[PDB]
Structure formats: structure tokens, C-alpha cells
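S.K.: What follows is the file entry01.txt, containing compact mmCIF, C-alpha atoms and all ligand atoms:
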# COMPACT_ATOMS: atom_id res chain seq x y z
CA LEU X 25 -9.64 -23.19 0.94
CA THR X 26 -11.40 -19.80 0.59
CA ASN X 27 -13.57 -18.67 3.50
CA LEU X 28 -13.50 -21.97 5.37
CA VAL X 29 -14.82 -19.92 8.35
CA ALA X 30 -17.30 -17.08 7.76
CA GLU X 31 -16.65 -13.75 9.44
CA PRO X 32 -19.04 -10.76 9.96
CA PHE X 33 -17.60 -8.36 7.40
CA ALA X 34 -21.05 -7.25 6.22
CA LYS X 35 -22.02 -6.01 9.68
CA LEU X 36 -18.67 -4.25 9.98
CA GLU X 37 -19.05 -2.34 6.69
CA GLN X 38 -22.70 -1.52 7.45
CA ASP X 39 -21.71 0.03 10.77
CA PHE X 40 -18.96 1.95 8.95
CA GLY X 41 -21.49 3.15 6.35
CA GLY X 42 -19.61 1.96 3.29
CA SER X 43 -17.79 -0.94 1.68
CA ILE X 44 -14.83 -2.94 2.95
CA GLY X 45 -12.70 -5.16 0.75
CA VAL X 46 -10.44 -7.80 2.29
CA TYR X 47 -8.10 -10.44 0.94
CA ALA X 48 -5.83 -12.40 3.23
CA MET X 49 -3.56 -15.31 2.30
CA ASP X 50 -1.93 -17.89 4.56
CA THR X 51 1.20 -18.52 2.51
CA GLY X 52 1.76 -21.89 4.19
CA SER X 53 -1.51 -23.65 3.36
CA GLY X 54 -2.88 -21.35 0.66
CA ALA X 55 -6.03 -20.74 2.73
CA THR X 56 -7.67 -17.38 2.14
CA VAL X 57 -10.20 -14.98 3.55
CA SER X 59 -11.98 -13.00 0.87
CA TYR X 60 -14.69 -10.31 1.06
CA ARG X 61 -15.38 -7.95 -1.87
CA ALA X 62 -11.86 -8.99 -2.86
CA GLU X 63 -12.19 -8.43 -6.61
CA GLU X 64 -13.89 -5.03 -6.37
CA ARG X 65 -11.87 -1.95 -7.23
CA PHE X 66 -10.90 0.51 -4.51
CA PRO X 67 -8.76 3.66 -4.80
CA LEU X 68 -5.11 3.13 -4.00
CA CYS X 69 -4.55 6.55 -2.46
CA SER X 70 -1.02 6.62 -0.98
CA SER X 71 -0.82 2.82 -0.99
CA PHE X 72 0.59 2.84 -4.52
CA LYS X 73 3.86 4.10 -3.00
CA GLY X 74 4.83 0.66 -1.72
CA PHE X 75 4.63 -0.74 -5.24
CA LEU X 76 6.44 2.37 -6.49
CA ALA X 77 9.39 1.61 -4.20
CA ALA X 78 9.38 -2.01 -5.37
CA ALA X 79 9.49 -0.82 -9.00
CA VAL X 80 12.49 1.39 -8.16
CA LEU X 81 14.22 -1.57 -6.54
CA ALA X 82 13.53 -3.71 -9.63
CA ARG X 83 15.07 -0.97 -11.83
CA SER X 84 18.09 -0.87 -9.48
CA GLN X 85 18.84 -4.50 -10.37
CA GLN X 86 19.79 -3.27 -13.85
CA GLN X 87 21.28 0.07 -12.70
CA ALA X 88 23.60 -0.43 -9.72
CA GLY X 89 24.09 3.31 -9.17
CA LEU X 90 20.39 4.16 -9.09
CA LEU X 91 19.70 4.02 -5.35
CA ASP X 92 22.70 6.24 -4.53
CA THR X 93 21.81 8.85 -7.15
CA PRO X 94 21.33 12.34 -5.54
CA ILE X 95 18.11 14.07 -6.62
CA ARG X 96 17.73 17.81 -6.32
CA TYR X 97 14.33 19.38 -6.53
CA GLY X 98 12.74 22.80 -6.39
CA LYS X 99 10.13 24.22 -4.11
CA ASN X 100 7.59 23.57 -6.90
CA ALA X 101 8.08 19.82 -6.33
CA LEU X 102 6.86 20.06 -2.71
CA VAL X 103 3.20 19.23 -2.77
CA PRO X 104 1.16 18.95 0.44
CA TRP X 105 2.18 16.21 2.85
CA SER X 106 5.91 15.92 2.11
CA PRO X 107 7.28 15.71 5.67
CA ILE X 108 10.72 14.31 4.79
CA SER X 109 11.46 15.92 1.44
CA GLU X 110 10.61 19.36 2.80
CA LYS X 111 13.52 19.00 5.27
CA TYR X 112 15.98 18.31 2.44
CA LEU X 113 14.74 20.85 -0.13
CA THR X 114 18.01 22.78 0.14
CA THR X 115 20.21 19.67 -0.08
CA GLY X 116 18.52 17.01 -2.20
CA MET X 117 17.98 13.34 -1.27
CA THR X 118 19.09 10.05 -2.83
CA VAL X 119 16.72 7.79 -4.75
CA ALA X 120 16.89 5.30 -1.86
CA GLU X 121 16.05 8.04 0.61
CA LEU X 122 13.10 9.21 -1.50
CA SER X 123 11.90 5.60 -1.67
CA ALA X 124 12.12 5.17 2.10
CA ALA X 125 10.31 8.48 2.60
CA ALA X 126 7.53 7.51 0.17
CA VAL X 127 7.02 4.19 1.95
CA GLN X 128 7.60 5.08 5.59
CA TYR X 129 6.23 8.65 5.78
CA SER X 130 3.97 8.52 2.72
CA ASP X 131 5.87 11.54 1.34
CA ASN X 132 4.01 12.97 -1.67
CA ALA X 133 6.86 14.94 -3.26
CA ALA X 134 9.11 11.90 -3.00
CA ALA X 135 6.47 9.78 -4.69
CA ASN X 136 6.13 12.19 -7.62
CA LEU X 137 9.92 12.39 -8.05
CA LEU X 138 10.17 8.59 -8.15
CA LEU X 139 7.22 8.33 -10.57
CA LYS X 140 9.19 10.61 -12.90
CA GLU X 141 12.15 8.20 -12.65
CA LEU X 142 9.90 5.32 -13.83
CA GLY X 143 8.15 7.15 -16.68
CA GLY X 144 5.07 8.20 -14.75
CA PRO X 145 1.90 6.33 -13.81
CA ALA X 146 2.09 4.19 -16.95
CA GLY X 147 5.63 3.14 -16.01
CA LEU X 148 4.52 1.96 -12.59
CA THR X 149 1.54 0.20 -14.20
CA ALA X 150 3.94 -1.52 -16.61
CA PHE X 151 6.03 -2.78 -13.70
CA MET X 152 2.92 -4.25 -12.12
CA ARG X 153 2.01 -5.93 -15.41
CA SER X 154 5.54 -7.39 -15.56
CA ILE X 155 4.91 -9.30 -12.30
CA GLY X 156 1.57 -10.62 -13.55
CA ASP X 157 -0.81 -8.06 -12.00
CA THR X 158 -3.49 -7.27 -14.58
CA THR X 159 -5.73 -5.33 -12.17
CA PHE X 160 -3.56 -2.50 -10.85
CA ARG X 161 -3.74 0.83 -12.61
CA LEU X 162 -2.08 4.11 -11.81
CA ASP X 163 -3.34 6.93 -13.99
CA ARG X 164 -2.45 10.20 -12.24
CA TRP X 165 0.16 11.84 -10.03
CA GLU X 166 -0.03 13.25 -6.52
CA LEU X 167 -2.40 14.89 -5.54
CA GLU X 168 -4.95 14.25 -8.31
CA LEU X 169 -4.88 10.46 -7.84
CA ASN X 170 -6.74 10.87 -4.51
CA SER X 171 -10.12 11.92 -5.96
CA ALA X 172 -11.67 8.51 -5.14
CA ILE X 173 -14.74 9.18 -7.30
CA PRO X 174 -17.38 6.44 -7.01
CA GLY X 175 -17.21 4.12 -10.01
CA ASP X 176 -14.00 5.66 -11.36
CA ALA X 177 -11.43 2.94 -12.09
CA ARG X 178 -8.49 5.36 -12.35
CA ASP X 179 -5.84 4.86 -9.67
CA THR X 180 -7.41 1.68 -8.29
CA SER X 181 -6.70 -1.96 -7.69
CA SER X 182 -8.45 -4.82 -5.89
CA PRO X 183 -7.64 -6.20 -2.44
CA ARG X 184 -6.88 -9.53 -4.06
CA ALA X 185 -4.46 -8.15 -6.66
CA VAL X 186 -2.75 -5.99 -4.03
CA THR X 187 -2.22 -9.05 -1.82
CA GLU X 188 -1.06 -11.23 -4.72
CA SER X 189 1.44 -8.62 -5.89
CA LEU X 190 2.63 -7.91 -2.36
CA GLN X 191 3.27 -11.63 -1.89
CA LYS X 192 5.28 -11.85 -5.12
CA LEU X 193 7.43 -8.85 -4.16
CA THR X 194 8.05 -9.58 -0.46
CA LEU X 195 8.10 -13.40 -0.35
CA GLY X 196 8.23 -14.63 -3.95
CA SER X 197 10.72 -14.14 -6.75
CA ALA X 198 9.63 -10.86 -8.36
CA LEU X 199 12.64 -9.07 -6.83
CA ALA X 200 16.14 -10.43 -6.45
CA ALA X 201 16.88 -11.47 -2.86
CA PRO X 202 18.78 -8.28 -1.72
CA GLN X 203 16.12 -6.02 -3.21
CA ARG X 204 13.35 -8.18 -1.73
CA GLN X 205 14.81 -7.75 1.75
CA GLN X 206 15.22 -3.99 1.22
CA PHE X 207 11.55 -3.76 0.25
CA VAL X 208 10.56 -5.73 3.33
CA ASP X 209 12.76 -3.53 5.52
CA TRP X 210 11.16 -0.36 4.16
CA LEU X 211 7.68 -1.76 4.84
CA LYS X 212 8.72 -2.84 8.35
CA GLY X 213 9.87 0.71 9.09
CA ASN X 214 6.57 2.30 8.09
CA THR X 215 5.48 4.95 10.63
CA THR X 216 1.92 5.65 9.42
CA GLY X 217 0.18 2.33 10.08
CA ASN X 218 0.09 1.88 13.85
CA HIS X 219 -3.71 2.13 14.05
CA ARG X 220 -4.51 -0.11 11.05
CA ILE X 221 -3.38 -3.72 10.36
CA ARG X 222 -0.61 -3.40 12.96
CA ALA X 223 -3.23 -2.77 15.65
CA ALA X 224 -4.57 -6.28 14.98
CA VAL X 225 -1.10 -7.91 14.98
CA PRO X 226 0.60 -9.00 18.25
CA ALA X 227 3.63 -6.92 19.15
CA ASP X 228 5.93 -9.95 19.08
CA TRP X 229 5.25 -10.62 15.37
CA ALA X 230 7.15 -8.89 12.56
CA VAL X 231 5.09 -6.83 10.15
CA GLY X 232 5.54 -4.44 7.27
CA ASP X 233 2.77 -2.34 5.76
CA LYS X 234 1.79 0.58 3.58
CA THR X 235 -1.28 2.77 4.21
CA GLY X 236 -3.41 5.09 2.11
CA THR X 237 -5.93 7.80 2.98
CA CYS X 238 -7.57 9.65 0.08
CA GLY X 239 -9.36 12.16 2.35
CA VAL X 240 -12.77 11.82 0.64
CA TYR X 241 -15.46 9.18 0.15
CA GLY X 242 -14.52 7.30 3.33
CA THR X 243 -11.61 5.92 1.34
CA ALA X 244 -8.57 4.51 3.16
CA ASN X 245 -6.59 1.30 3.19
CA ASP X 246 -3.61 -0.72 4.36
CA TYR X 247 -1.76 -3.77 3.14
CA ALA X 248 0.74 -5.84 5.06
CA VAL X 249 3.01 -8.82 5.25
CA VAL X 250 2.86 -10.38 8.71
CA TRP X 251 5.23 -12.99 10.16
CA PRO X 252 3.48 -14.81 13.04
CA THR X 254 6.07 -16.75 15.00
CA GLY X 255 6.23 -20.46 14.32
CA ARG X 256 4.20 -20.50 11.08
CA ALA X 257 4.26 -19.20 7.53
CA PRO X 258 3.72 -15.53 6.77
CA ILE X 259 0.32 -13.99 6.07
CA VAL X 260 -0.25 -11.38 3.37
CA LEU X 261 -3.35 -9.21 3.50
CA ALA X 262 -5.03 -6.09 2.15
CA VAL X 263 -7.90 -4.07 3.62
CA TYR X 264 -9.49 -1.30 1.53
CA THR X 265 -12.47 0.90 2.29
CA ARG X 266 -14.74 3.37 0.54
CA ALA X 267 -18.10 4.98 1.18
CA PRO X 268 -20.76 6.59 -0.99
CA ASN X 269 -20.63 10.26 0.05
CA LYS X 270 -17.77 12.67 -0.55
CA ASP X 271 -17.85 13.88 3.06
CA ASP X 272 -17.92 10.36 4.57
CA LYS X 273 -15.00 9.91 6.94
CA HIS X 274 -12.54 7.09 6.87
CA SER X 275 -11.97 4.91 9.92
CA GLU X 276 -8.69 3.42 11.07
CA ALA X 277 -10.58 1.33 13.62
CA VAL X 278 -12.62 -0.32 10.88
CA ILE X 279 -9.42 -1.32 9.05
CA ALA X 280 -7.94 -2.81 12.23
CA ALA X 281 -11.22 -4.64 12.94
CA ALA X 282 -11.32 -6.08 9.42
CA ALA X 283 -7.71 -7.24 9.80
CA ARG X 284 -8.63 -8.99 13.09
CA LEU X 285 -11.53 -10.76 11.36
CA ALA X 286 -9.20 -11.85 8.55
CA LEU X 287 -6.69 -13.37 10.96
CA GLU X 288 -9.55 -15.07 12.84
CA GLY X 289 -10.89 -16.45 9.54
CA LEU X 290 -7.45 -17.94 8.81
CA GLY X 291 -7.29 -19.56 12.26
CA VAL X 292 -4.21 -17.53 13.14
CA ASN X 293 -4.19 -17.09 16.91
CA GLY X 294 -3.61 -13.36 17.53
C1 LIG P 1 -1.76 9.11 1.04
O1 LIG P 1 -2.83 8.49 0.95
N1 LIG P 1 -1.60 10.32 1.51
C2 LIG P 1 -0.28 10.85 1.93
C3 LIG P 1 -0.27 11.19 3.46
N2 LIG P 1 -0.12 10.03 4.38
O2 LIG P 1 -0.50 8.86 3.65
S1 LIG P 1 -1.19 7.76 4.64
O3 LIG P 1 -1.19 6.54 3.90
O4 LIG P 1 -0.52 7.70 5.93
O5 LIG P 1 -2.52 8.34 4.86
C4 LIG P 1 -1.48 12.07 3.79
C5 LIG P 1 -2.81 11.54 3.28
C6 LIG P 1 -2.77 11.16 1.78
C7 LIG P 1 -2.80 12.35 0.81
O6 LIG P 1 -2.04 12.48 -0.11
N3 LIG P 1 -3.83 13.28 1.14
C8 LIG P 1 -4.09 14.48 0.37
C9 LIG P 1 -4.60 15.60 1.28
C10 LIG P 1 -5.16 16.75 0.43
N4 LIG P 1 -6.14 16.32 -0.57
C11 LIG P 1 -5.58 15.36 -1.47
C12 LIG P 1 -5.17 14.14 -0.65
Let me see whether you can do it: turn the structure in this file into C-alpha cells.
Ligand SMILES: *C(=O)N1C[C@H](NOS(=O)(=O)O)CC[C@H]1C(=O)NC1CCNCC1
M.R.:
Amino acid sequence: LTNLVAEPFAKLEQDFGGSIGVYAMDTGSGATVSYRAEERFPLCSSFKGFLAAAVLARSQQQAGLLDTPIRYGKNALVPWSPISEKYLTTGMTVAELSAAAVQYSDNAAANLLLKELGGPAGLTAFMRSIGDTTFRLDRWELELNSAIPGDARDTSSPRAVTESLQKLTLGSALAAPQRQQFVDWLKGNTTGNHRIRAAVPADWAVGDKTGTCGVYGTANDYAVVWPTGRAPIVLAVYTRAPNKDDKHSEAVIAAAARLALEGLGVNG
């Protein structure tokens, strides 16, 4: 059921000047679209969705966790912390940091939550606990964005991202209340309007998390999409390119998402 219908991903990535990795899963039939799906790509900010899921999993064993107020100093505010900078003088709850990390890609929030989990290895351990043997987080913000060609640090594959996203949003990896909270955070993302969402009709529900390393043409998005009248679709689109100064493209991500939906026979 993989690649029943071929799609022109090679032409797309050639025009982009790099590599595109796509995995998409029709959760009803099990049909998939797969292109470079087992190659590694840098996560960039996209690890923050899984980070929030890991916090929610922890909160199943610690009922007070989400409501815990976290204070932080100015030294915690690394570049691109649009929410946590507004609450420097007050603090934010763990839930609020999680929402900020997911929905605004807040870097300070992400580092504060990584500390809660025992750092990159703690997040990696959570991913292992749900059966993901590919994911690895190695570094913190901002160093995890280096996106060096051939460097496996801070990478996963489109396939493993999609498989893990499915487990967390639709499967049983989270308890039902936590699962719905994760979904709701993804649905409220503000940074993805020009990526997978641009390929998804407005009358379908969708949650996503983006990433943009800023070098090596490296950017990404993953999403859970609910077309009306059929089972949900899970998909991941990752990009990279050979040169440090190569630019990312949101349009290429949206175009790859459209090809994936077309390959699954999902009318969009
Ligand atoms: C994540 O990839 N981020 C955080 C933020 N928005 O994330 S996104 O998914 O909407 O793109 C800005 C881009 C990126 C990030 O942390 N960029 C840093 C800029 C400075 N150099 C290190 C990377």
C-alpha cells in the first residue's frame, strides 16, 4: 500500500535545489506516500511538539505539573522567545510554556521544558518509550539548529516523525485527556499557515508543528489532518540543501504536502 500512485517529488526537490523527505499515512486504510522517508533531517524547532507531548505524559504521573509556575531570568531568554519575553517579570505555568513552545515556537520555553525532562536525553528517552528508535535530540536551543550535512545530531526521519505523531495524537501513547490537549495545542499553532496548512482545505481540521533551522535550506512541518468524512491523515515534510547559505522554502513544503495528499487519493 506504499506509493500506489507515483508523484513528482524528484522534480520538486531538484527545483528547490536540495532534498525533500515525505511520509504520509492514511490512518483508515494504512496506505502511505513515501519519498526519502527513512533519511535523517534536522528537527529544528519541530522537536517542540514532541517535547510538549513528553510533558503531557509526565503530567499523567504528576497532576500538579501543568499548573506549576516557572520563573526565569533574563539569561533564559534566547532569540525568538515571543511569548516568554512578555512574562519575564511574572513567570508562566508549565502548560503555558508548552503552548508557547508549540504554537509560537518559543525557544526559551522549549529550553525551560527540556530542563524539566532532564534535557535532550530525557526527551529522547520519552521517544524511545513510545517505540521511536530513530529520533534523537542531542543539544539545546540554539545549538540544535546547526543542520550540518551528514550530522545525525538533533535529527529524525519523516517516517519516524509521522509514526510517533500518529501514536501521540490518534493512538494510545497518551491518555485520552492528554491526547486531546496535545491535539488542541497543535491545532492552535500560529507558525504553519504557509506550509502543510496551505495544502489543506479550510473546512478540514489540522494541527501542526513547524521548524526552520535558518541554514542549509533546512525547514519542515508535520501535521495531523482530519478530512471530513474519512479517517485522519498524518504526514511529515522535511527539507535540507547542500550549502549553508541555501534558503528554505515554505512553498516547497506546501507543494510536497499537496503531492502527498494527491498520492493518497485524498480529494483536497
Ligand atoms: C525553530 O525552528 N525556530 C524557532 C522560531 N520559529 O520556529 S518555526 O518553526 O516557526 O520556524 C524561529 C526559527 C527557529 C530558530 O530557532 N531559529 C534560530 C535563529 C538564529 N540562529 C539559530 C536558529
S.K.: Can you work out the spacing between CA of residue 177 (chain X) and CA of residue 136 (chain X) in Å, to one decimal?
M.R.: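 CA of residue 136 (chain X) lies at a distance of 20.3 Å from CA of residue 177 (chain X).
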S.K.: List as JSON lines every residue of chain X that is in contact with ligand LIG 1 (chain P), defined as an atom at most 9 Å from one of its atoms (using all atoms listed in the file), together with the nearest atom pair and the distance in Å rounded to one decimal, sorted by chain and then rising number.
M.R.:
{"residue": "X:68", "atom": "CA", "partner": "P:LIG1", "partner_atom": "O1", "distance": 7.6}
{"residue": "X:69", "atom": "CA", "partner": "P:LIG1", "partner_atom": "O1", "distance": 4.3}
{"residue": "X:70", "atom": "CA", "partner": "P:LIG1", "partner_atom": "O1", "distance": 3.2}
{"residue": "X:71", "atom": "CA", "partner": "P:LIG1", "partner_atom": "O3", "distance": 6.2}
{"residue": "X:72", "atom": "CA", "partner": "P:LIG1", "partner_atom": "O1", "distance": 8.6}
{"residue": "X:73", "atom": "CA", "partner": "P:LIG1", "partner_atom": "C1", "distance": 8.5}
{"residue": "X:103", "atom": "CA", "partner": "P:LIG1", "partner_atom": "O6", "distance": 8.9}
{"residue": "X:104", "atom": "CA", "partner": "P:LIG1", "partner_atom": "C10", "distance": 6.7}
{"residue": "X:105", "atom": "CA", "partner": "P:LIG1", "partner_atom": "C4", "distance": 5.6}
{"residue": "X:106", "atom": "CA", "partner": "P:LIG1", "partner_atom": "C3", "distance": 7.9}
{"residue": "X:126", "atom": "CA", "partner": "P:LIG1", "partner_atom": "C2", "distance": 8.7}
{"residue": "X:127", "atom": "CA", "partner": "P:LIG1", "partner_atom": "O3", "distance": 8.8}
{"residue": "X:128", "atom": "CA", "partner": "P:LIG1", "partner_atom": "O4", "distance": 8.5}
{"residue": "X:129", "atom": "CA", "partner": "P:LIG1", "partner_atom": "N2", "distance": 6.6}
{"residue": "X:130", "atom": "CA", "partner": "P:LIG1", "partner_atom": "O2", "distance": 4.6}
{"residue": "X:131", "atom": "CA", "partner": "P:LIG1", "partner_atom": "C2", "distance": 6.2}
{"residue": "X:132", "atom": "CA", "partner": "P:LIG1", "partner_atom": "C2", "distance": 6.0}
{"residue": "X:166", "atom": "CA", "partner": "P:LIG1", "partner_atom": "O6", "distance": 6.8}
{"residue": "X:167", "atom": "CA", "partner": "P:LIG1", "partner_atom": "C11", "distance": 5.2}
{"residue": "X:168", "atom": "CA", "partner": "P:LIG1", "partner_atom": "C11", "distance": 7.0}
{"residue": "X:169", "atom": "CA", "partner": "P:LIG1", "partner_atom": "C11", "distance": 8.1}
{"residue": "X:170", "atom": "CA", "partner": "P:LIG1", "partner_atom": "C12", "distance": 5.3}
{"residue": "X:171", "atom": "CA", "partner": "P:LIG1", "partner_atom": "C11", "distance": 7.3}
{"residue": "X:215", "atom": "CA", "partner": "P:LIG1", "partner_atom": "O4", "distance": 8.1}
{"residue": "X:216", "atom": "CA", "partner": "P:LIG1", "partner_atom": "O4", "distance": 4.7}
{"residue": "X:217", "atom": "CA", "partner": "P:LIG1", "partner_atom": "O4", "distance": 6.8}
{"residue": "X:234", "atom": "CA", "partner": "P:LIG1", "partner_atom": "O3", "distance": 6.7}
{"residue": "X:235", "atom": "CA", "partner": "P:LIG1", "partner_atom": "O3", "distance": 3.8}
{"residue": "X:236", "atom": "CA", "partner": "P:LIG1", "partner_atom": "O3", "distance": 3.2}
{"residue": "X:237", "atom": "CA", "partner": "P:LIG1", "partner_atom": "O1", "distance": 3.8}
{"residue": "X:238", "atom": "CA", "partner": "P:LIG1", "partner_atom": "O1", "distance": 5.0}
{"residue": "X:239", "atom": "CA", "partner": "P:LIG1", "partner_atom": "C12", "distance": 5.5}
{"residue": "X:240", "atom": "CA", "partner": "P:LIG1", "partner_atom": "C12", "distance": 8.1}
{"residue": "X:244", "atom": "CA", "partner": "P:LIG1", "partner_atom": "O1", "distance": 7.3}
{"residue": "X:245", "atom": "CA", "partner": "P:LIG1", "partner_atom": "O3", "distance": 7.6}
{"residue": "X:246", "atom": "CA", "partner": "P:LIG1", "partner_atom": "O3", "distance": 7.7}
S.K.: One number please: CA of residue 281 (chain X) to CA of residue 221 (chain X), in Å, one decimal.
M.R.: 8.3 Å
S.K.: Could you check which of X:247, X:207, X:47, X:60 is closest to residue 31 (chain X), using all atoms listed in the file?
M.R.: X:60
S.K.: Using only C-alpha atoms, can you list as a ChimeraX atom specification the residues within 6 Å of (-11.1, 6.8, 5.8)?
M.R.: /X:237,242-244,273-275
S.K.: In Å, with one decimal, what is the gap from CA of residue 241 (chain X) to CA of residue 148 (chain X)?
M.R.: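 Taking CA of residue 241 (chain X) and CA of residue 148 (chain X), their separation equals 24.8 Å.
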S.K.: List the neighbours of residue 288 (chain X) out to 10 Å using only C-alpha atoms; skip same-chain residues closer than 3 positions along the sequence, and give me the result as an NGL selection string.
M.R.: :X and (29-31 or 57 or 282-285 or 291-294)
S.K.: Excluding same-chain residues fewer than 2 positions from residue 232 (chain X), what lies within 12 Å of it counting all atoms listed in the file, as a PyMOL selection string?
M.R.: chain X and resi 74+127-128+190-191+194+205-218+220-222+225+229-230+234-235+246-251+258-262
S.K.: For residue 272 (chain X), which residue out of X:42, X:36, X:102, X:52 is the nearest one, using all atoms listed in the file?
M.R.: X:42
S.K.: Between X:263, X:277, X:199, X:34, single out the one closest to residue 182 (chain X), counting only C-alpha atoms.
M.R.: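 Between X:263, X:277, X:199, X:34, the residue approaching residue 182 (chain X) most closely is X:263.
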S.K.: Would you please work out which residue, of X:98, X:67, X:116, X:45, is nearest to residue 179 (chain X) when using all atoms listed in the file?
M.R.: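 Between X:98, X:67, X:116, X:45, the residue approaching residue 179 (chain X) most closely is X:67.
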S.K.: So, counting only C-alpha atoms, which residue among X:200, X:290, X:137, X:44 is closest to residue 86 (chain X)?
M.R.: X:200
S.K.: Find the residue from X:77, X:139, X:286, X:195 that sits nearest to residue 51 (chain X); use only C-alpha atoms when measuring.
M.R.: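 Ranking X:77, X:139, X:286, X:195 by distance to residue 51 (chain X), first place goes to X:195.
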S.K.: Quick test: take region 35-75 of chain X, keep C-alpha atoms, and write it as an mmCIF file, in the first residue's frame.
M.R.:
data_model
loop_
_atom_site.group_PDB
_atom_site.id
_atom_site.type_symbol
_atom_site.label_atom_id
_atom_site.label_comp_id
_atom_site.auth_asym_id
_atom_site.auth_seq_id
_atom_site.Cartn_x
_atom_site.Cartn_y
_atom_site.Cartn_z
ATOM 1 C CA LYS X 35 11.356 17.313 -9.814
ATOM 2 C CA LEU X 36 10.119 19.307 -6.830
ATOM 3 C CA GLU X 37 13.346 18.845 -4.826
ATOM 4 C CA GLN X 38 15.503 19.491 -7.904
ATOM 5 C CA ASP X 39 13.753 22.805 -8.487
ATOM 6 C CA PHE X 40 14.240 23.602 -4.787
ATOM 7 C CA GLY X 41 17.943 22.713 -5.058
ATOM 8 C CA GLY X 42 18.022 20.190 -2.233
ATOM 9 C CA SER X 43 16.340 17.157 -0.720
ATOM 10 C CA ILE X 44 12.752 16.683 0.387
ATOM 11 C CA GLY X 45 11.607 13.879 2.661
ATOM 12 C CA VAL X 46 7.927 12.967 2.884
ATOM 13 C CA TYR X 47 5.928 10.359 4.745
ATOM 14 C CA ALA X 48 2.151 10.427 4.767
ATOM 15 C CA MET X 49 -0.200 7.843 6.274
ATOM 16 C CA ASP X 50 -3.910 7.325 5.627
ATOM 17 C CA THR X 51 -4.887 6.003 9.043
ATOM 18 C CA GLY X 52 -8.028 4.375 7.648
ATOM 19 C CA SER X 53 -6.529 2.079 5.020
ATOM 20 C CA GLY X 54 -2.863 2.147 6.028
ATOM 21 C CA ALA X 55 -1.902 3.460 2.571
ATOM 22 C CA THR X 56 1.229 5.584 2.513
ATOM 23 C CA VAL X 57 3.177 8.020 0.414
ATOM 24 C CA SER X 59 6.906 7.789 0.998
ATOM 25 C CA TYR X 60 9.838 9.705 -0.515
ATOM 26 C CA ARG X 61 13.274 9.775 1.176
ATOM 27 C CA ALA X 62 11.210 8.795 4.220
ATOM 28 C CA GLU X 63 13.954 6.985 6.140
ATOM 29 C CA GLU X 64 16.651 9.633 5.601
ATOM 30 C CA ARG X 65 17.609 11.830 8.524
ATOM 31 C CA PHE X 66 16.729 15.517 8.505
ATOM 32 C CA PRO X 67 17.323 18.125 11.227
ATOM 33 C CA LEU X 68 14.383 18.631 13.541
ATOM 34 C CA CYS X 69 14.970 22.336 14.106
ATOM 35 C CA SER X 70 12.017 23.710 16.120
ATOM 36 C CA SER X 71 9.865 20.703 15.234
ATOM 37 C CA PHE X 72 11.148 18.802 18.273
ATOM 38 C CA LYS X 73 8.971 21.120 20.391
ATOM 39 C CA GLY X 74 5.777 19.252 19.523
ATOM 40 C CA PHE X 75 7.251 16.028 20.880
#
